[PDB]
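Right, one structure below, let's go through it.
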Amino acid sequence: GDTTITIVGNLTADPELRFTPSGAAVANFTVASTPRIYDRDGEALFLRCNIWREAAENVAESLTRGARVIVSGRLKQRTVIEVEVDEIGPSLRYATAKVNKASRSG
Amino acid sequence: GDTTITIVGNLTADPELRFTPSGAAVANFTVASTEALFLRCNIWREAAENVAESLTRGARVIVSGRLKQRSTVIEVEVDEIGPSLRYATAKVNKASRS
Amino acid sequence: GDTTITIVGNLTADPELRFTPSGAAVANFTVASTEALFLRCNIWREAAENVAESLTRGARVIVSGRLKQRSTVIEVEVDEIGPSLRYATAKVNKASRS
Amino acid sequence: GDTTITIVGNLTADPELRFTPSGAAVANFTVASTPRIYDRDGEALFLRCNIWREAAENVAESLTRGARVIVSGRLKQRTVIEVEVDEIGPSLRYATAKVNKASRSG
């Protein structure tokens with residue numbers, strides 16, 4: 001099946017979490033990927049992404065508009081094309097970040 | 001072409017940073033994915049710093065890069081790297097281009 | 001970067017070749033992978049010719065390329081393309097660089 | 001699991017088919033991938049590949065030394081690294097090819 005894709009770019013805007021008929025969360029956001037040109041950054045590819053499970057609660061509590069991210073997903077369709085994120089992460093090319101999750105909250 | 005790879009695994013060690021006479025930084029760390037694939041990775045410039053600055057042993061990471069060679073074995077010429085937000089959360093940011 | 005893709009599917013039609021005022025060729029064909037993903041693909045220069053020359057409807061193909069945009073939707077800027085030797089055999093060749 | 005990889009390059013030499021303790025065929029061959037540089041083709045990455053099932057009988061009856069190919073596989077290990085080809089095909093960037101397989105032989 002595969003037809004997987006890795007996309008690196010910035011978030012067009014703060015994620016948008018959804019919870020539809022099943023009580024399930026869907027972190028929506030579109031990744032904007034800029035290329036590289038040369039004649040003497042140019043134009044961008046905007047990719048509407050979807051991320052589920054509690055992988056979306058983090059993708060919400062962690063990422064925000066303008067955030068550069070690395071997205072590993074799969075290309076699905078139904079007239080548009082969207083990536084069903086399997087993995088998402090804040091690219092440390094131009095930033096830092098504290099991590100982990102196992103204890104705390106109550 | 002420039003044959004590329006993407007590894008989603010766990011860091012075996014803590015990014016080991018160093019600086020080249022070029023004034024350029026370079027961090028090394030091997031990503032271990034799960035039947036066990038151990039890929040050593042390299043990262044240059046500021047990215048090197050950011051990695052050491054915020055990454056540690058057994059941390060979930062998504063890595064995109066390019067395979068390389070010579071000595072032989074294949075290592076990774078990481079382009080982008082970051083924490084995996086699968087089983088964890090993490091806030092970020094920096095900025096200032098050129 | 002230049003975000004890349006690899007599609008393993010079946011050609012819906014027969015590569016449709018054309019020539020640009022630039023004297024350059026260009027073949028179009030949509031690759032349909034299996035819950036059905038339909039990716040339109042583009043191929044330029046000699047490659048265009050070779051494709052039309054040897055590919056036809058519902059043929060198993062491995063395609064590596066780059067996603068693009070504008071009009072919108074995403075199409076594929078194929079780099080390499082060839083018959084899939086999974087459920088079939090096929091002999092080849094050409095040559096002469098520059 | 002994934003850690004899949006697509007590699008495009010020429011075959012270092014005619015494939016080498018194996019049939020080991022199970023009566024199973026293993027089409028072995030190593031893909032040589034050349035890069036692109038510029039200062040004013042450079043150096044190659046050699047990737048030992050493995051391909052099974054009857055996907056190897058074709059990979060044997062079809063490809064030969066110098067053949068440019070597109071390989072979709074997975075990176076496995078056990079001190080070396082080898083790609084376990086899921087898909088293989090003759091790149092039509094610089095060549096042509098007749099196809100299909102369903103009737104004939106006896």
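Numbering starts fresh at 1 for the residues of each chain in the structure tokens, the chains themselves are lettered A, B, ... in the order given, and ligands are numbered from 1 as they appear.
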Write out as a Markdown table the residues of chain A that have any atom within 7 Å of an atom of chain C, one row each with the nearest atom pair and its distance in Å to one decimal, counting only C-alpha atoms, sorted by chain and then rising number.
```
| residue | atom | partner | partner_atom | distance |
| --- | --- | --- | --- | --- |
| A:1 | CA | C:34 | CA | 6.1 |
| A:3 | CA | C:7 | CA | 5.5 |
| A:5 | CA | C:5 | CA | 6.1 |
| A:7 | CA | C:3 | CA | 5.9 |
| A:34 | CA | C:1 | CA | 6.7 |
| A:35 | CA | C:1 | CA | 5.1 |
| A:36 | CA | C:1 | CA | 6.5 |
| A:45 | CA | C:69 | CA | 6.4 |
| A:76 | CA | C:37 | CA | 6.1 |
| A:77 | CA | C:37 | CA | 5.6 |
| A:80 | CA | C:73 | CA | 6.8 |
```
With N, CA and C atoms retained, write the just-selected residues as a tab-separated table (two decimals), in the first residue's frame.
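And here's out-v2.tsv as it stands now:
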```tsv
chain	number	residue	atom	x	y	z
A	1	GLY	N	0.73	-1.36	0.00
A	1	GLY	CA	0.00	0.00	0.00
A	1	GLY	C	0.70	1.30	0.00
A	3	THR	N	2.94	4.48	-0.48
A	3	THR	CA	2.91	5.82	-1.04
A	3	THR	C	3.03	6.89	0.01
A	5	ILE	N	5.11	9.71	2.43
A	5	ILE	CA	5.81	10.94	2.10
A	5	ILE	C	6.35	11.67	3.33
A	7	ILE	N	7.57	15.30	4.56
A	7	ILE	CA	7.49	16.71	4.18
A	7	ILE	C	8.00	17.62	5.29
A	34	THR	N	8.77	25.30	1.28
A	34	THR	CA	9.40	26.16	0.29
A	34	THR	C	10.59	25.45	-0.35
A	35	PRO	N	10.76	25.66	-1.66
A	35	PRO	CA	11.85	25.03	-2.41
A	35	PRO	C	13.14	25.86	-2.44
A	36	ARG	N	13.97	25.61	-3.45
A	36	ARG	CA	15.24	26.33	-3.61
A	36	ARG	C	15.48	26.52	-5.11
A	45	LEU	N	4.82	24.78	-1.44
A	45	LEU	CA	3.88	23.68	-1.62
A	45	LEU	C	3.13	23.63	-0.30
A	76	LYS	N	-3.30	10.30	1.06
A	76	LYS	CA	-4.65	9.80	0.83
A	76	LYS	C	-5.43	10.80	-0.02
A	77	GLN	N	-6.60	10.37	-0.51
A	77	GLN	CA	-7.40	11.21	-1.39
A	77	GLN	C	-8.93	11.03	-1.27
A	80	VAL	N	-9.27	16.50	-3.25
A	80	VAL	CA	-8.01	16.97	-2.66
A	80	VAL	C	-7.07	15.86	-2.20
```
How close does each residue of chain D get to chain A, giving the shortest atom pair and distance in Å to one decimal for every residue with an atom at most 12 Å away, counting only C-alpha atoms, sorted by chain and residue number, as JSON lines?
```
{"residue": "D:1", "atom": "CA", "partner": "A:86", "partner_atom": "CA", "distance": 11.2}
{"residue": "D:2", "atom": "CA", "partner": "A:2", "partner_atom": "CA", "distance": 9.7}
{"residue": "D:3", "atom": "CA", "partner": "A:72", "partner_atom": "CA", "distance": 10.8}
{"residue": "D:4", "atom": "CA", "partner": "A:4", "partner_atom": "CA", "distance": 9.6}
{"residue": "D:5", "atom": "CA", "partner": "A:4", "partner_atom": "CA", "distance": 10.9}
{"residue": "D:6", "atom": "CA", "partner": "A:4", "partner_atom": "CA", "distance": 11.4}
{"residue": "D:72", "atom": "CA", "partner": "A:3", "partner_atom": "CA", "distance": 10.8}
{"residue": "D:73", "atom": "CA", "partner": "A:2", "partner_atom": "CA", "distance": 11.4}
{"residue": "D:86", "atom": "CA", "partner": "A:2", "partner_atom": "CA", "distance": 10.9}
{"residue": "D:87", "atom": "CA", "partner": "A:2", "partner_atom": "CA", "distance": 11.6}
```
Got a sec to align chain A on chain D by every in-order Cα pair and hand back the fitted coordinates as a PDB file with C-alpha atoms, in the first residue's frame?
```
ATOM      1  CA  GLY A   1       8.757  -0.371  11.421  1.00  0.00           C
ATOM      2  CA  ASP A   2       9.414   1.127   7.878  1.00  0.00           C
ATOM      3  CA  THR A   3      12.827   2.920   7.411  1.00  0.00           C
ATOM      4  CA  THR A   4      12.239   2.344   3.755  1.00  0.00           C
ATOM      5  CA  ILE A   5      14.448   3.712   0.992  1.00  0.00           C
ATOM      6  CA  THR A   6      14.227   4.448  -2.717  1.00  0.00           C
ATOM      7  CA  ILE A   7      17.536   4.176  -4.547  1.00  0.00           C
ATOM      8  CA  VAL A   8      18.266   4.954  -8.177  1.00  0.00           C
ATOM      9  CA  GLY A   9      21.463   3.842  -9.806  1.00  0.00           C
ATOM     10  CA  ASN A  10      23.106   1.348 -12.127  1.00  0.00           C
ATOM     11  CA  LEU A  11      23.813  -2.313 -11.448  1.00  0.00           C
ATOM     12  CA  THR A  12      27.448  -2.952 -10.588  1.00  0.00           C
ATOM     13  CA  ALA A  13      27.181  -6.277 -12.377  1.00  0.00           C
ATOM     14  CA  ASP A  14      24.767  -8.939 -13.637  1.00  0.00           C
ATOM     15  CA  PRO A  15      22.429 -10.079 -10.855  1.00  0.00           C
ATOM     16  CA  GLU A  16      23.310 -13.247  -8.948  1.00  0.00           C
ATOM     17  CA  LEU A  17      20.411 -15.490  -8.098  1.00  0.00           C
ATOM     18  CA  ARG A  18      20.579 -17.759  -5.063  1.00  0.00           C
ATOM     19  CA  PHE A  19      18.362 -20.641  -3.867  1.00  0.00           C
ATOM     20  CA  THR A  20      19.036 -21.469  -0.249  1.00  0.00           C
ATOM     21  CA  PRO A  21      17.733 -24.109   2.277  1.00  0.00           C
ATOM     22  CA  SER A  22      14.004 -23.737   1.627  1.00  0.00           C
ATOM     23  CA  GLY A  23      14.235 -23.880  -2.144  1.00  0.00           C
ATOM     24  CA  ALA A  24      13.862 -20.123  -2.314  1.00  0.00           C
ATOM     25  CA  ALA A  25      15.449 -17.734  -4.807  1.00  0.00           C
ATOM     26  CA  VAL A  26      17.338 -14.592  -3.765  1.00  0.00           C
ATOM     27  CA  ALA A  27      18.344 -12.187  -6.519  1.00  0.00           C
ATOM     28  CA  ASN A  28      21.447 -10.406  -5.252  1.00  0.00           C
ATOM     29  CA  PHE A  29      22.947  -7.315  -6.847  1.00  0.00           C
ATOM     30  CA  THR A  30      24.369  -4.037  -5.662  1.00  0.00           C
ATOM     31  CA  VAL A  31      23.078  -0.684  -6.900  1.00  0.00           C
ATOM     32  CA  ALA A  32      25.652   2.023  -7.531  1.00  0.00           C
ATOM     33  CA  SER A  33      24.246   5.530  -7.075  1.00  0.00           C
ATOM     34  CA  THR A  34      26.200   8.537  -8.312  1.00  0.00           C
ATOM     35  CA  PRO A  35      25.564  12.032  -6.922  1.00  0.00           C
ATOM     36  CA  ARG A  36      25.855  15.553  -8.393  1.00  0.00           C
ATOM     37  CA  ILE A  37      28.451  18.184  -7.452  1.00  0.00           C
ATOM     38  CA  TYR A  38      29.635  21.654  -8.524  1.00  0.00           C
ATOM     39  CA  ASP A  39      32.606  23.981  -7.853  1.00  0.00           C
ATOM     40  CA  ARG A  40      34.606  25.220 -10.870  1.00  0.00           C
ATOM     41  CA  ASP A  41      28.772  13.109 -11.389  1.00  0.00           C
ATOM     42  CA  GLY A  42      31.049  12.704  -8.363  1.00  0.00           C
ATOM     43  CA  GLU A  43      31.730   9.582  -6.245  1.00  0.00           C
ATOM     44  CA  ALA A  44      29.174   6.780  -5.821  1.00  0.00           C
ATOM     45  CA  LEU A  45      27.153   5.046  -3.098  1.00  0.00           C
ATOM     46  CA  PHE A  46      27.136   1.278  -3.546  1.00  0.00           C
ATOM     47  CA  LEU A  47      24.108  -0.437  -2.097  1.00  0.00           C
ATOM     48  CA  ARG A  48      23.966  -4.227  -1.710  1.00  0.00           C
ATOM     49  CA  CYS A  49      20.359  -5.256  -2.476  1.00  0.00           C
ATOM     50  CA  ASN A  50      18.323  -8.429  -1.937  1.00  0.00           C
ATOM     51  CA  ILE A  51      15.117  -9.423  -3.724  1.00  0.00           C
ATOM     52  CA  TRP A  52      13.017 -12.545  -3.219  1.00  0.00           C
ATOM     53  CA  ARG A  53      10.053 -14.570  -4.473  1.00  0.00           C
ATOM     54  CA  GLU A  54       9.532 -14.704  -8.235  1.00  0.00           C
ATOM     55  CA  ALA A  55      10.244 -10.989  -8.196  1.00  0.00           C
ATOM     56  CA  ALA A  56      13.812 -12.273  -8.443  1.00  0.00           C
ATOM     57  CA  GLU A  57      13.215 -14.536 -11.436  1.00  0.00           C
ATOM     58  CA  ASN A  58      12.223 -11.430 -13.367  1.00  0.00           C
ATOM     59  CA  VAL A  59      14.952  -9.323 -11.807  1.00  0.00           C
ATOM     60  CA  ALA A  60      17.206 -12.002 -13.301  1.00  0.00           C
ATOM     61  CA  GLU A  61      15.576 -12.574 -16.668  1.00  0.00           C
ATOM     62  CA  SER A  62      15.317  -8.787 -17.120  1.00  0.00           C
ATOM     63  CA  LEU A  63      18.165  -6.698 -15.648  1.00  0.00           C
ATOM     64  CA  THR A  64      21.920  -6.867 -16.384  1.00  0.00           C
ATOM     65  CA  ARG A  65      25.229  -5.109 -15.619  1.00  0.00           C
ATOM     66  CA  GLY A  66      25.141  -1.335 -16.035  1.00  0.00           C
ATOM     67  CA  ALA A  67      21.351  -1.271 -16.010  1.00  0.00           C
ATOM     68  CA  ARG A  68      19.921   1.875 -14.473  1.00  0.00           C
ATOM     69  CA  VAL A  69      17.255   0.943 -11.954  1.00  0.00           C
ATOM     70  CA  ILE A  70      14.815   2.374  -9.409  1.00  0.00           C
ATOM     71  CA  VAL A  71      14.718   0.374  -6.149  1.00  0.00           C
ATOM     72  CA  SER A  72      12.121   0.731  -3.443  1.00  0.00           C
ATOM     73  CA  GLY A  73      13.119  -1.272  -0.398  1.00  0.00           C
ATOM     74  CA  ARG A  74      13.883  -1.389   3.326  1.00  0.00           C
ATOM     75  CA  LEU A  75      17.181  -0.954   5.179  1.00  0.00           C
ATOM     76  CA  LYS A  76      18.082  -4.069   7.207  1.00  0.00           C
ATOM     77  CA  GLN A  77      21.271  -4.909   9.114  1.00  0.00           C
ATOM     78  CA  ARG A  78      23.500  -7.787  10.362  1.00  0.00           C
ATOM     79  CA  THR A  79      28.041  -5.227  10.331  1.00  0.00           C
ATOM     80  CA  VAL A  80      26.725  -4.334   6.874  1.00  0.00           C
ATOM     81  CA  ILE A  81      23.599  -2.654   5.512  1.00  0.00           C
ATOM     82  CA  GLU A  82      21.459  -4.074   2.703  1.00  0.00           C
ATOM     83  CA  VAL A  83      18.183  -3.044   1.057  1.00  0.00           C
ATOM     84  CA  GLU A  84      15.403  -5.644   1.048  1.00  0.00           C
ATOM     85  CA  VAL A  85      13.827  -4.647  -2.307  1.00  0.00           C
ATOM     86  CA  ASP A  86      10.035  -4.424  -2.317  1.00  0.00           C
ATOM     87  CA  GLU A  87       9.933  -2.938  -5.794  1.00  0.00           C
ATOM     88  CA  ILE A  88      12.482  -2.824  -8.600  1.00  0.00           C
ATOM     89  CA  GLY A  89      12.174  -1.473 -12.133  1.00  0.00           C
ATOM     90  CA  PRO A  90      14.245  -0.478 -15.181  1.00  0.00           C
ATOM     91  CA  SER A  91      14.340   3.320 -15.208  1.00  0.00           C
ATOM     92  CA  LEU A  92      13.182   4.651 -18.558  1.00  0.00           C
ATOM     93  CA  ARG A  93      15.201   7.824 -18.141  1.00  0.00           C
ATOM     94  CA  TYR A  94      17.682   6.527 -20.720  1.00  0.00           C
ATOM     95  CA  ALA A  95      16.108   3.327 -22.095  1.00  0.00           C
ATOM     96  CA  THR A  96      13.011   1.441 -23.252  1.00  0.00           C
ATOM     97  CA  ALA A  97      11.382  -1.918 -22.490  1.00  0.00           C
ATOM     98  CA  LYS A  98       8.738  -4.484 -23.526  1.00  0.00           C
ATOM     99  CA  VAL A  99       6.653  -5.942 -20.651  1.00  0.00           C
ATOM    100  CA  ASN A 100       3.889  -8.092 -18.977  1.00  0.00           C
ATOM    101  CA  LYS A 101       3.677 -11.799 -18.048  1.00  0.00           C
ATOM    102  CA  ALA A 102       0.704 -14.233 -18.027  1.00  0.00           C
ATOM    103  CA  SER A 103       0.855 -16.815 -20.889  1.00  0.00           C
ATOM    104  CA  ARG A 104       3.640 -18.827 -22.512  1.00  0.00           C
ATOM    105  CA  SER A 105       6.155 -21.632 -21.770  1.00  0.00           C
ATOM    106  CA  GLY A 106       5.900 -25.400 -22.260  1.00  0.00           C
TER     107      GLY A 106
END
```
Inset, instruction - List every residue of segment 20-53 of chain A that DSSP, applied to the backbone of this structure, places in strand (DSSP E), and write the result as a PyMOL selection string. - result: chain A and resi 20+24-33+45-51
Export of the given selection (N, CA and C atoms) as an mmCIF file, in the first residue's frame:
```
data_model
loop_
_atom_site.group_PDB
_atom_site.id
_atom_site.type_symbol
_atom_site.label_atom_id
_atom_site.label_comp_id
_atom_site.auth_asym_id
_atom_site.auth_seq_id
_atom_site.Cartn_x
_atom_site.Cartn_y
_atom_site.Cartn_z
ATOM 1 N N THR A 20 -14.499 14.294 16.294
ATOM 2 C CA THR A 20 -15.745 13.957 15.629
ATOM 3 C C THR A 20 -16.361 12.606 15.999
ATOM 4 N N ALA A 24 -13.159 11.088 18.936
ATOM 5 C CA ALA A 24 -11.759 11.058 18.555
ATOM 6 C C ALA A 24 -11.205 12.380 18.062
ATOM 7 N N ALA A 25 -9.988 12.698 18.499
ATOM 8 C CA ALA A 25 -9.314 13.937 18.128
ATOM 9 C C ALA A 25 -8.564 13.851 16.801
ATOM 10 N N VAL A 26 -8.629 14.934 16.034
ATOM 11 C CA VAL A 26 -7.961 15.031 14.737
ATOM 12 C C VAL A 26 -7.246 16.375 14.656
ATOM 13 N N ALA A 27 -5.929 16.357 14.807
ATOM 14 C CA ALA A 27 -5.165 17.592 14.737
ATOM 15 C C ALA A 27 -4.917 17.953 13.270
ATOM 16 N N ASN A 28 -5.603 18.996 12.816
ATOM 17 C CA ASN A 28 -5.476 19.460 11.447
ATOM 18 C C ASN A 28 -4.536 20.643 11.372
ATOM 19 N N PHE A 29 -3.785 20.707 10.284
ATOM 20 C CA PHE A 29 -2.833 21.782 10.041
ATOM 21 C C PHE A 29 -2.261 21.532 8.666
ATOM 22 N N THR A 30 -1.828 22.591 8.001
ATOM 23 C CA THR A 30 -1.255 22.422 6.684
ATOM 24 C C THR A 30 0.198 22.898 6.689
ATOM 25 N N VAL A 31 1.077 22.029 6.207
ATOM 26 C CA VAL A 31 2.502 22.292 6.134
ATOM 27 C C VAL A 31 2.844 23.026 4.850
ATOM 28 N N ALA A 32 3.595 24.114 4.981
ATOM 29 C CA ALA A 32 3.993 24.896 3.821
ATOM 30 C C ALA A 32 5.470 24.669 3.591
ATOM 31 N N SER A 33 5.791 24.043 2.456
ATOM 32 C CA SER A 33 7.161 23.690 2.089
ATOM 33 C C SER A 33 7.723 24.549 0.967
ATOM 34 N N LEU A 45 4.820 24.785 -1.440
ATOM 35 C CA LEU A 45 3.878 23.683 -1.616
ATOM 36 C C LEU A 45 3.134 23.632 -0.304
ATOM 37 N N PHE A 46 1.813 23.776 -0.334
ATOM 38 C CA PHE A 46 1.039 23.719 0.901
ATOM 39 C C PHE A 46 0.400 22.354 1.012
ATOM 40 N N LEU A 47 0.699 21.661 2.101
ATOM 41 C CA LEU A 47 0.156 20.326 2.285
ATOM 42 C C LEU A 47 -0.735 20.101 3.507
ATOM 43 N N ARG A 48 -2.035 19.988 3.259
ATOM 44 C CA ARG A 48 -3.027 19.770 4.307
ATOM 45 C C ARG A 48 -2.802 18.434 5.025
ATOM 46 N N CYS A 49 -2.404 18.474 6.293
ATOM 47 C CA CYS A 49 -2.141 17.245 7.044
ATOM 48 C C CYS A 49 -3.159 16.887 8.118
ATOM 49 N N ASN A 50 -3.262 15.594 8.419
ATOM 50 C CA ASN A 50 -4.173 15.104 9.452
ATOM 51 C C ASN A 50 -3.387 14.222 10.411
ATOM 52 N N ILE A 51 -3.635 14.354 11.708
ATOM 53 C CA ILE A 51 -2.953 13.503 12.677
ATOM 54 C C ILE A 51 -3.928 13.132 13.787
#
```
Legend entry - Residue nearest chain B - candidates C:65, C:95, C:85, C:44, atoms counted: only C-alpha atoms: C:65
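Atom CA of residue 71 of chain B lies 23.4 Å from atom CA of residue 14 of chain B.
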Inset, instruction - Show which residues sit within 12 Å of residue 19 of chain B, as a ChimeraX atom specification. Count only C-alpha atoms, and ignore same-chain residues fewer than 3 positions away. - result: /B:16,22-28,43-46,48-49
Legend entry - For chain B, the nearest of the candidates C:93, C:30, C:64, C:84, counting only C-alpha atoms: C:64
Inset, instruction - Could you tell me which of B:98, B:80, B:12, B:53 comes closest to chain C if we count only C-alpha atoms? - result: B:80
Inset, instruction - Based on DSSP run over this structure's backbone, return all residues of chain C in alpha helix (DSSP H), as number ranges by chain. - result: C: 45-54
Write the residues you've just listed into a file as a tab-separated table (two decimals), in the first residue's frame, and include N, CA, C and O atoms for each of them.
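The resulting out-v6.tsv:
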```
chain	number	residue	atom	x	y	z
C	45	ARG	N	11.90	15.87	-21.49
C	45	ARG	CA	13.04	15.45	-22.30
C	45	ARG	C	12.86	14.04	-22.86
C	45	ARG	O	11.73	13.53	-22.94
C	46	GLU	N	13.96	13.41	-23.26
C	46	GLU	CA	13.95	12.05	-23.83
C	46	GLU	C	13.06	11.09	-23.04
C	46	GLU	O	12.32	10.30	-23.64
C	47	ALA	N	13.16	11.15	-21.71
C	47	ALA	CA	12.38	10.30	-20.81
C	47	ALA	C	10.93	10.23	-21.26
C	47	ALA	O	10.30	9.17	-21.22
C	48	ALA	N	10.40	11.38	-21.66
C	48	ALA	CA	9.03	11.46	-22.13
C	48	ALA	C	8.85	10.43	-23.23
C	48	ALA	O	7.99	9.55	-23.14
C	49	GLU	N	9.70	10.53	-24.25
C	49	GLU	CA	9.67	9.63	-25.40
C	49	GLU	C	9.72	8.17	-24.96
C	49	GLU	O	8.81	7.39	-25.26
C	50	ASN	N	10.76	7.81	-24.22
C	50	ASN	CA	10.94	6.45	-23.73
C	50	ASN	C	9.69	5.91	-23.04
C	50	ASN	O	9.35	4.74	-23.18
C	51	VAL	N	9.01	6.77	-22.29
C	51	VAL	CA	7.81	6.34	-21.59
C	51	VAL	C	6.74	5.98	-22.59
C	51	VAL	O	6.26	4.85	-22.59
C	52	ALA	N	6.35	6.93	-23.43
C	52	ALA	CA	5.32	6.66	-24.44
C	52	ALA	C	5.74	5.47	-25.27
C	52	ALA	O	4.94	4.58	-25.57
C	53	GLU	N	7.02	5.46	-25.64
C	53	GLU	CA	7.59	4.40	-26.45
C	53	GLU	C	7.37	3.00	-25.90
C	53	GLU	O	7.14	2.07	-26.67
C	54	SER	N	7.40	2.85	-24.58
C	54	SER	CA	7.25	1.53	-23.98
C	54	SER	C	6.24	1.28	-22.87
C	54	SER	O	6.18	0.18	-22.34
```
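Closest approach to chain C among B:66, B:87, B:10, B:79: B:79, based on only C-alpha atoms.
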